[PDB]
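Worksheet for the structure shown next.
Lettered A, B, C, D, E, F, G, H, I and J in written order, each chain numbered from 1.
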């Protein structure tokens, strides 16, 4: 941090990069280990009115698989439209 | 959005080929490798001294288990058997009995410490916060029998590790 | 930590700041990796054209993750079929030509950077809300609710004796695992236990092609092949 | 409060103590018997019997959320004294 | 119903013929495994050992089930020649460590209440 | 069209300098193999519907890029590969013969979940 | 010339014991599946189970 | 949709993939017995255990399908069925970013044509099934034990097989080698009868037999 | 229609050689086949609808240590779930396990009348609600 | 013949004259949620969980006491019936003491199972609860009367089957204590079955009290031997020992009840 200026300009030159800008280990940049007490939020069903679980029951909304054809001019349809080609990322195309 | 990782071509002008010939004939990218680790050599190490200081942990840490008790000293366990049902490796084996006073708590509580997986389901399963995992992790042994815990050993740890358990659960009961 | 219906515990206060601290310094470390590794002739020479699979052989072999992207296939589960919240995020998929292991090495490294932007947007755009679903039948209620309201106690009791009962079905859901495409084919009996859950281990398909990507090369390169085949015994051996 | 068994060991709160003829006592020899010195059976009695003037009392167990699920125990059986089934604390109305 | 799909073999004659060829192959392979595995058994006891597990399953009629059986024997012979199995795997077949069990009704009675 | 593509972007399949007439010759052959398929089969009822049109855009547009943006089959260096296996697929079902009705309904209630 | 790998040297009956543990108890297996990455496996198992449950997680 | 707990449905994919459902039915009526689309927007193509190679080759090379990149093949071992094993293929379409599932039925003595010709990815998935389930795959270059131990006897994921199996191993000094003995557990695997005796979700109720 | 050497074989299906059961668990392991009777605690019925493949009990001995009930029979926690009883037996002899079947105890009809509780000279006059 | 035709949410079902809805929808494989009706015990219709609404009927009908007639297509999964089941349950749930970890019915409780299927996910009860003095009617059954749901299943089982009147429901209002007023003891030779009849942990076996939990018992079937009847019993064992003797179902010999001696 500790390390004097002479060691610093050696490590900056040998690496060629300014390592003192950010270190691979933390001296004082962290959250204080103990934290002030929190207050957790609430959700979409912590109400007392019109929250009947019957009209929210995702388990009961699942119907059985829908029949299509049973062993017991029409167009040609693809399972999904062909995937459009992606573009060369505008950030940096090559590398 | 896709980004190429190798499509660059080397220019064939005299400057670039001079760079390439200079790169290989007298090694430079390899010397750059030397320079990088040399800077790493003249850098502080990140190696702590055990057991003089150890890596940081969190109040949610799950380690060696320990039953607890009420401020009265009365045990918290009520032998509701929730922990055994959820225990994914079936390391919990408990037997209840109508205790003579009438509180009717558990007779047996054996944690198979070498079968447990420290998943933390046991503590969240308990409705009275009876079974918790203490922040201890240096409880190794030389015997298999030592690892197989029991009600007495669990109670002893709760009597031993009590400052941490009370404080950690005090820093966490709002979270969970 | 990740459970059906969300994350069981909340984010501790100040956790995301340390994520920001590490992420800010993480990129600097990855350049140090590249500086030592990218242009090193010995590494490159030991990893260029050593082990190579073509587009159709790789894709027919059930390859995924880095290898399809390394071979040049424009496929990635996060972009093509964005699951969870991956639709609302910006990144790129580091694919490359040739298909040898050096580009696969380059594919992983650029994934590091293209990952780092995702966390940068994630902790910049962390929304406020509950950590788990508001459905007590699948999500155990809060501890305070358990010790106060009975239906919390009953639901937690039943959630921790047998748990929720998954309706019958059979879905193979796969995600862009860090090493490949990890999937689970889970059939549900209609009770509180899975009838059968088959794991699509990405390395299992990857190691199946070990013959194809180790054909002709010298013996010393096989360990490199598994190095770029990225086989962890945990999932290939199931 | 724990007594010593005739063999030389102690007795757990459950009432466990190996007989002399039992061969399993060898596990304890050259070692010691782990028994919690405090016993929950006698550690519930020194709590003073609470005197609360109400028909029904909810016993949270101390610490509010850091306790046990509240139980609205009843105080009308004069001969008996009400007790929380989780804590064991003995709640009684004074003289009713 | 009744009509079935033969595994590899339809008739019992050529089903037992493949058993015979497996029967031929293993008797040619009994001594070499003992030699290469640095084993502690003789060629003889292996031969009737091979014989006798041809016999524990000699009372089955279905051509399909025996045809899965013969490839299973093939499924063991190639592991032995390719030294894939270790010593501990083929002396497991030569059951040695396990204690002999009671055979007569009285010996079963004396040891325990296990029918 | 324009300058020839140095690399299609995928290893293995390589750029072919004659993309138009080559995609043409595949897409007349699949018409040819579509000649001897009975009309009652649904294979013909969809193949002639699709292959006639993606024959058409080949002759309609003589540029590589402009027909690519309507093919939606990536570059044409892989759709000729794609046409190849389609030409392969046409021949495969010639001897598969799937136009007949299925063999039999499943044994009892073989399907259906839960049990 | 031959590259047939001998595997199973780690094999555990993961799917078999998954068949006997409940879904909540089934979760820790995936954390243990890939011994290089832990948490991203939970994403796969969780995403499957919620899909069958017809339940979506909150945006948080 | 004011309800944020339910999984949001996706109708367009449902009908579109269902539209692809009868497509694969009409051109291949010889093979498909049943086409199913679930509430989770996935198709299951129920096929007879006779034309595995063609119907997979059909999905692999069709210009309107190109359903390839075999994900995995696995059985279910449904015991109360006259064909216990149910070999199930999974394919991941690249061009149309969709998933397909083709499932057969198969008894323990009815081989499956080796799908390695269609998907030579499947060279390893079936080897696991060969030993771990027991159903043998016909005309296949090599079907060895790839998951269980050497010389192991049985079929572990068969529903009749116990968790602990039949053998247990230890090191025995007189033989100076590891030996296998009949399995005897230190702790018995405590089973848990836990299914609710009350009626579950009424949607999938089995009709009165 | 399915010409793959479709040839009649009428011997009873016996896969006993390949399932993996040892020579003693194939014969000595007598297996019961009943429907789980409804648990009298619960009025719910949704467990009596299937069949099982429950086995008989073997020795449950207390281990020398803390009290594990160590067991040596592998076929203990392997109850099956079956739709009917003919497939149940069909499972029984393919692996060669002796069966012991039991007919489902379908409840007898439950003809009840609320008005019957309030009568004139009928004993069913109920004085408790 | 004289049988009349009705439907149950679609499918047509043939029913006896005088058929109640409970014994109408069970023909197709439905159990209407109930808490006060037993098959071989007289109708109560008090728990109000059997409630189901049909179309063209403005008001929900008590299913266990509803004589069905022609053209009654019971809308079992109708939302109003679903609302009725939810509200009625949470009304039972309100004054129930939070004793699930300390009640033996945990894991085999009718209240718990129903509240997981036809139940809400959180409570709207913000007031104080109700408590009842515990009784003691024999050192063979434990009576935690605070957990009672006032289903009156106990008083009917005693008066009609046991042939005794040591059980009753005293009070007026919410209180409605069920017990004996004057202290007594259940002397019935068939008193043990009242443990099986109670849907909640109000009545529980004293010898078994806190010895095992339901989800670990490996039930097995055998018969009584104390009596020559050979009453069919379910023997609940755990880790190599017998916990409880439960009565099996055999109808014409022992129905679902066993003697106190064999329990």
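FYI, a contact is a pair of C-beta atoms (placed from the backbone, for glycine too) under 8 Å apart; a residue touches a chain by one contact, two chains touch by 3 or more.
Student: Once the contact rule is applied, which chains count as partners of both subunit B and subunit J?
Tutor: Chains that touch both subunit B and subunit J, as defined above, are A, C, D, H, I.
Student: By that same contact rule, can you tell me which chains touch subunit C and subunit J alike?
Tutor: A, B, D, H
Student: Taking each chain's centre as the mean of its C-alpha atoms, which one lies nearest the mean of all protein C-alpha atoms here?
Tutor: Answer by centroid distance: G.
Student: Once you find the CA centre of subunit E and the CA centre of subunit F, what distance in Å lies between them?
Tutor: Going by mean C-alpha positions, subunit E sits 52 Å from subunit F.
Student: Just curious, how far off is subunit H from subunit B if you go by their C-alpha centres, in Å?
Tutor: Once rounded, the distance between the two centres reads 36 Å.
Student: Distance-wise, how many Å sit between the C-alpha centres of subunit H and subunit I, to the nearest whole number?
Tutor: Measuring from centre to centre gives 26 Å for this pair.
Student: What is the distance in Å between the mean C-alpha positions of subunit A and subunit B?
Tutor: The separation of the two C-alpha centroids amounts to 24 Å.
Student: Which positions in subunit C are in touch with at least two other chains?
Tutor: Subunit C, residues with two or more chain partners: 10, 12, 32, 35, 73-74, 79-80, 92-93, 97-98, 106, 110, 128-130, 133-135, 137-138, 142-144, 146-147, 153, 157, 160-162, 164-165, 167-171, 174, 183, 187, 189-190, 192, 195-196, 198, 207, 237-238.
Student: Note the residues in subunit H that touch 2 or more other chains, in rising order.
Tutor: Correct list: 4-7, 23, 26, 32-34, 38-40, 44, 50, 64, 80-82, 94-95, 97, 108-109, 145, 147, 157, 161, 163, 182, 187-192, 194-204, 206.
Student: Would you give the residues of subunit D that are in contact with at least 2 other chains, written as numbers and ranges?
Tutor: Correct list: 65, 67-70, 85-86.
Student: Can you identify all of the chain pairs that touch?
Tutor: Every pair of chains meeting the touch criterion: A-B, A-C, A-F, A-G, A-H, A-J, B-C, B-D, B-G, B-H, B-I, B-J, C-D, C-F, C-G, C-H, C-J, D-J, E-H, E-I, F-H, F-I, G-H, H-I, H-J, I-J.
Student: Would you pull the subunit C residues touching subunit H in the complex into a rising list?
Tutor: Residues of subunit C touching subunit H: 59-62, 73, 75, 80-81, 133-135, 161-162, 165, 167-172, 174, 181, 183, 185, 187, 190-192, 195-196, 198, 200, 204-205, 207-209, 237-238.
Student: Help me check something: in the complex, which residues belonging to subunit J touch subunit D?
Tutor: Answer in residue numbers: 97-99, 101-102, 128-134, 146.
Student: Within the complex, which stretch of subunit D touches subunit B?
Tutor: Touch list, subunit D to subunit B: 12, 14, 27, 34-38, 40-41, 43-44, 46-47, 61-62, 65-69, 83, 85-89.
Student: Flag every residue of subunit B that touches subunit A in the complex, lowest number first.
Tutor: So the residues of subunit B in touch with subunit A come to 1-8, 32, 35-36, 38-40, 42-44, 46, 56, 171, 174-175.
Student: Sort out for me which residues of subunit F touch subunit C in the complex.
Tutor: That would be residues 7, 9-13, 81, 113-115 of subunit F.
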